[PDB]
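Colleague: Take a look at the following structure, please.
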Amino acid sequence: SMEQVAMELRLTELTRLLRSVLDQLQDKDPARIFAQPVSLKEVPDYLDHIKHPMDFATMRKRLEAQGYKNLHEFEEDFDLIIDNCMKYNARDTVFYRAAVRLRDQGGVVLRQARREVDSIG
């Protein structure tokens with residue numbers, strides 16, 4: 001149907017905007033602390049602690065399969081990256097501190113993304 005196509009074009013454009021959002025958030029992580037999944041070879045107990053692991057590479061795979069239907073779903077995954085780190089690592093660690101800085105800096109980006117998603121529809 002033509003409606004299915006129109007819907008698919010909207011998803012494609014959302015995907016375009018989320019890719020740009022993703023790039024901007026990932027620049028707020030210059031140490032690449034959140035670039036890849038936590039290694040279960042190197043942190044064998046991780047899944048005892050963290051039930052839904054997340055990282056930027058995993059988001060990017062979902063993104064490129066057009067697997068985010070709306071900004072809320074994408075933000076859920078970004079929040080997992082931050083929140084998982086802030087539970088697993090103590091306050092006095094470079095990891096926890098990196099998460100706080102990512103959260104703080106990403107807030108700005110996500111605030112305008114929401115306006116853009118609403119504005120363009």
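Here, A, B, ... name the chains of the structure tokens in the order displayed, residue numbers run from 1 inside each chain, and ligands are numbered from 1 in the same displayed order.
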Residues of stretch 7-72 of chain A that approach stretch 106-111 of chain A to 12 Å or less, counting only C-alpha atoms: could you list each one with the shortest pair of atoms and its distance in Å to one decimal, rows by chain and increasing residue number, as a tab-separated table?
Modeller:
```
residue	atom	partner	partner_atom	distance
A:17	CA	A:110	CA	11.3
A:18	CA	A:110	CA	10.0
A:20	CA	A:109	CA	10.1
A:21	CA	A:109	CA	7.0
A:22	CA	A:109	CA	9.5
A:23	CA	A:109	CA	10.4
A:24	CA	A:109	CA	7.3
A:25	CA	A:106	CA	5.6
A:26	CA	A:106	CA	8.8
A:27	CA	A:106	CA	9.5
A:28	CA	A:106	CA	7.2
A:29	CA	A:106	CA	9.8
A:71	CA	A:110	CA	9.1
A:72	CA	A:110	CA	10.4
```
Colleague: Tell me which protein, DNA and RNA residues are within 9 Å of residue A:33, counting only C-alpha atoms, leaving out same-chain ones fewer than 4 positions away, and put them as a PDB file with N, CA and C atoms, in the first residue's frame.
Modeller:
```pdb
ATOM      1  N   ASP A  29      31.720  10.690  24.660  1.00  0.00           N
ATOM      2  CA  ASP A  29      32.422   9.528  25.259  1.00  0.00           C
ATOM      3  C   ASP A  29      33.767   9.362  24.564  1.00  0.00           C
ATOM      4  N   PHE A  95      34.914   4.919  35.378  1.00  0.00           N
ATOM      5  CA  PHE A  95      33.702   4.475  34.667  1.00  0.00           C
ATOM      6  C   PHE A  95      32.453   5.206  35.081  1.00  0.00           C
ATOM      7  N   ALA A  98      32.546   8.786  34.041  1.00  0.00           N
ATOM      8  CA  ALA A  98      32.307   8.922  32.599  1.00  0.00           C
ATOM      9  C   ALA A  98      30.805   8.882  32.276  1.00  0.00           C
ATOM     10  N   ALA A  99      30.093   7.978  32.944  1.00  0.00           N
ATOM     11  CA  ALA A  99      28.665   7.918  32.794  1.00  0.00           C
ATOM     12  C   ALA A  99      27.950   9.188  33.209  1.00  0.00           C
TER      13      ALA A  99
END
```
Colleague: Please return, as a VMD selection string, all residues of chain A that DSSP assigns to alpha helix (DSSP H) on the basis of the backbone.
Modeller: chain A and resid 2 to 27 46 to 49 56 to 64 71 to 88 94 to 120
Colleague: Using only C-alpha atoms, pick whichever of A:87, A:19, A:41, A:51 has the shortest atom-to-atom distance to residue A:74.
Modeller: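 Using only C-alpha atoms, the shortest distance to residue A:74 belongs to A:19.
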